[PDB]
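Each chain gets a letter, A, B and so on, in the order the sequences are listed, and its residues count up from 1. Below, all heavy atoms of this structure are taken into account, side chains as well, without hydrogens, waters or symmetry copies.
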There are 2 protein chains.
Amino acid sequence: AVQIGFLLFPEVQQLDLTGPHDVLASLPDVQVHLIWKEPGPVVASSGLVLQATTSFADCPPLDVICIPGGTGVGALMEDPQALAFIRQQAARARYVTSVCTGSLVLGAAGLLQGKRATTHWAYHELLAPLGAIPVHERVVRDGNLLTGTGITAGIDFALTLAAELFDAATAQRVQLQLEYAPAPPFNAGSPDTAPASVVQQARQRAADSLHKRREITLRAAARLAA
Amino acid sequence: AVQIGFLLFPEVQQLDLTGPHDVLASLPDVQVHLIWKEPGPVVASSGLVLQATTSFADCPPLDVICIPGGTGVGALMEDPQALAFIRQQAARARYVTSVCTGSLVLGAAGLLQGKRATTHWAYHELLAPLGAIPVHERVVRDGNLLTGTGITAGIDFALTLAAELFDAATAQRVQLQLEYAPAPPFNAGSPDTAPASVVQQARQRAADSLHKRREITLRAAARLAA
Ligand SMILES: [Cl-]
Ligand SMILES: [Cl-]
Ligand SMILES: [Cl-]
Ligand SMILES: [Cl-]
Ligand SMILES: [Cl-]
């Protein structure tokens, strides 16, 4: 079976994970893992309780690894066990992927050095200190690396991955079975299309988190510079 | 606080629940419940383990109720306790909503009689026996009833609900914070746009489930006819 793994950490943004999980779990001959330090409950940033299925030590070699984002990314960027596990898996994985601020975890792990990548718009300035070439695009592919932003990015690149792992007809079948055709009632999903007043409110609400993440990012970068 | 409740049942299609959950949980002064017969683990059709937070008896009066879909809908259409709970909450809820085959549960509960509604394309013929006026549209609103199609239908109508519960700027802010700017890599999310061959693979794969659900629907309709 194709082995697909999501990192499941405290304060994950659960939809970053649960979207691609449901798409990829629809495919034949796949096994999907939710990975943490040990199996058991892990609480998402909303309070929704998820369950990790495998420990780092027991996880098989993965064909696909996916790092979701969320407020828990800050701690994960300085979790040496988690970063080492991600590096080990990335060394052999066909696909290394992330959603939203999950790419900052890839960055802290050293996996974005010289690589084109994106992240959540409010945190995009944190890519360059981690060695990345920052790109303002919703999905960015560099070799075996896909980084995406948005709560359907992982669903979308899951359909791309499905087409490459299997074939286009299989990806189309999953899309049709899920009747997946988003049609948002507003056009505020990018800082370039949202009203300026909404952008400002979002920036102000993110300011304390960004400040703390600047500090974390600098320590993570120092470890890479060593 | 505004009380929002999702029915969490065995064999749910978890993304039908987890999408709108993460959107609505981003709003101020909301409380979001995952409802089942008692708190504890409930397993989605993919094998993902979720946790119900409240029992039927302890659930507060809901301002929004949302019924997700999934394999597990068949059993729920003949679960008298669940159907009666849905009816009791729907009687006083500001909004009664469903995703995908969750509308078949609303139908079995008697809540679609004379109402315009949609459901998953492969099961759409089951609406009329439940008293509904079937509508081939991705979202269908009849008063305070909203039924949507597609595994991510609930994210979108969650943004509509956010705008009506609060204001448009709040919904736009949540959209921007989540960087929700969907962009599927294929155009097969409707039987009207997917390749005819893919539509057939999907119809054939659904045939046994539809057959079983025709039987269930007829029994559910008989209970309404009494
Ligand atoms: Cl998105
Ligand atoms: Cl959809
Ligand atoms: Cl807008
Ligand atoms: Cl269960
Ligand atoms: Cl297509």
- Message: List the residues meeting ring pair (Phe, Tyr, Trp, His ring centres under 6.0 Å) with B:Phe85, not counting sequence neighbours, and say none if there are none.
- Response: B:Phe56
- Message: If you count heavy-atom pairs within less than 4.5 Å of chain A, which of B:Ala183, B:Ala202, B:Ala169 leads?
- Response: B:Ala183
- Task: Go through the atoms of B:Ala194 and report whether side chain, backbone, both or neither lie under 4.5 Å from a heavy atom of chain A.
- Result: side chain
Chain A/chain B interface donor-acceptor pairs under 3.5 Å:
from: A:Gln13; atom 1: NE2; to: B:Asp22; atom 2: OD1; distance (Å): 3.2
from: A:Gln13; atom 1: NE2; to: B:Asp22; atom 2: OD2; distance (Å): 2.9
from: A:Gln14; atom 1: NE2; to: B:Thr18; atom 2: O; distance (Å): 2.9
from: A:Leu15; atom 1: N; to: B:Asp22; atom 2: OD2; distance (Å): 3.0
from: A:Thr18; atom 1: O; to: B:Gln14; atom 2: NE2; distance (Å): 2.8
from: A:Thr18; atom 1: OG1; to: B:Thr18; atom 2: OG1; distance (Å): 2.9
from: A:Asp22; atom 1: OD1; to: B:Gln13; atom 2: NE2; distance (Å): 3.2
from: A:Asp22; atom 1: OD2; to: B:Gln13; atom 2: NE2; distance (Å): 2.9
from: A:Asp22; atom 1: OD2; to: B:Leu15; atom 2: N; distance (Å): 3.1
from: A:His120; atom 1: NE2; to: B:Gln177; atom 2: O; distance (Å): 2.8
from: A:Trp121; atom 1: N; to: B:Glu179; atom 2: OE1; distance (Å): 3.0
from: A:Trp121; atom 1: NE1; to: B:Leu176; atom 2: O; distance (Å): 3.0
from: A:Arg138; atom 1: NE; to: B:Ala181; atom 2: O; distance (Å): 2.9
from: A:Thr149; atom 1: OG1; to: B:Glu179; atom 2: OE2; distance (Å): 3.4
from: A:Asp156; atom 1: OD2; to: B:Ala183; atom 2: N; distance (Å): 3.1
from: A:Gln175; atom 1: OE1; to: B:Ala188; atom 2: N; distance (Å): 2.8
from: A:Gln175; atom 1: NE2; to: B:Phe186; atom 2: O; distance (Å): 3.1
from: A:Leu176; atom 1: N; to: B:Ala188; atom 2: O; distance (Å): 3.3
from: A:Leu176; atom 1: O; to: B:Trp121; atom 2: NE1; distance (Å): 3.0
from: A:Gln177; atom 1: O; to: B:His120; atom 2: NE2; distance (Å): 2.8
from: A:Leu178; atom 1: O; to: B:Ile151; atom 2: N; distance (Å): 2.8
from: A:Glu179; atom 1: OE1; to: B:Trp121; atom 2: N; distance (Å): 3.0
from: A:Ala181; atom 1: O; to: B:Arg138; atom 2: NE; distance (Å): 2.8
from: A:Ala183; atom 1: N; to: B:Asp156; atom 2: OD2; distance (Å): 3.1
from: A:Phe186; atom 1: O; to: B:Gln175; atom 2: NE2; distance (Å): 3.1
from: A:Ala188; atom 1: N; to: B:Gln175; atom 2: OE1; distance (Å): 2.8
from: A:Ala188; atom 1: O; to: B:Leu176; atom 2: N; distance (Å): 3.3

- Using non-hydrogen atoms and a 4.5 Å limit, figure out which bit of A:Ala188 sits close to chain B: side chain, backbone, both or neither. both
- To the nearest 0.5 Å, tell me how far A:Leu50 CG sits from B:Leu48 CG. 6.0 Å
- Could you have a look at A:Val49, A:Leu178, A:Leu34, A:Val32 and say which one has the most heavy-atom pairs with chain B under 4.5 angstrom? A:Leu178
- Message: Counting only non-hydrogen atoms closer than 4.5 Å, does A:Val139 touch chain B with its backbone (N, CA, C, O), its side chain (CB onward), both, or neither?
- Response: neither
- Note on the structure: Looking only at heavy atoms, the pair that brings B:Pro184 and A:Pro182 closest together is CG-CD, 3.8 Å
- Task: Could you grab the distance from atom CZ of B:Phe186 to atom CG of A:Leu176, nearest 0.5 Å is fine?
- Result: 13.0 Å
- Item | Under 4.5 Å from a heavy atom of chain B, the part of A:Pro191 involved | both
- Item | side chain to side chain contact (heavy atoms under 4.5 Å, CB included) assessment of A:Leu15 paired with B:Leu15 | CA-CA 8 Å; A:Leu15 182 54; B:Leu15 183 53; 3.5 Å; yes
